[PDB]
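**Student:**
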Amino acid sequence: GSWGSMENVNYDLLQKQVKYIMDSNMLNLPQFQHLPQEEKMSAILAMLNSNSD
Numbered sequence: 198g199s200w201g202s203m204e205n206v207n208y209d210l211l212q213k214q215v216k217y218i219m220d221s222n223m224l225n226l227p228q229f230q231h232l233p234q235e236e237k238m239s240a241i242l243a244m245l246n247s248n249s250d
């Protein structure tokens, strides 16, 4: 399985916010909320842009 998705946290809501902030700040992923070990930024692009079904 190695499923990564869950039914406890929702991202659909965080997307509506980030998408709005991108048109004002566009910082280097300041918010964030996770990390593999030492990546940053890309870490938020590998979990969103890339999905592991």
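Sequential numbering of the sequence shown, starting at 198, is according to PDB author numbering.
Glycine included, every Cβ here is placed at the ideal spot set by N, Cα and C.
DSSP state of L232, grouped into three classes?
**Tutor:** The residue you call residue 232 lines up with position 35 of the sequence shown. DSSP places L232 in coil when its eight states are reduced to three.
**Student:** Candidates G198, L224, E204, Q212: which alpha carbon is nearest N246's?
**Tutor:** Counted from its first residue, the sequence shown places residue 246 at position 49. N246 has its Cα closest to that of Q212, out of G198, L224, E204, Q212.
**Student:** Starting from the Cα of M238, find the closest Cα among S202, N225, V215, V206 and give me that residue.
**Tutor:** Residue 238 sits at position 41 when you count from the first residue of the sequence shown. Measuring from the Cα of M238, the nearest candidate turns out to be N225.
**Student:** To the nearest angstrom, report how far apart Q228 and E204 are at their CA atoms.
**Tutor:** Sequence index remark: in the sequence shown, residue 228 carries index 31 (1-based). Sequence index remark: in the sequence shown, residue 204 carries index 7 (1-based). Their Cα atoms are separated by approximately 21 Å.
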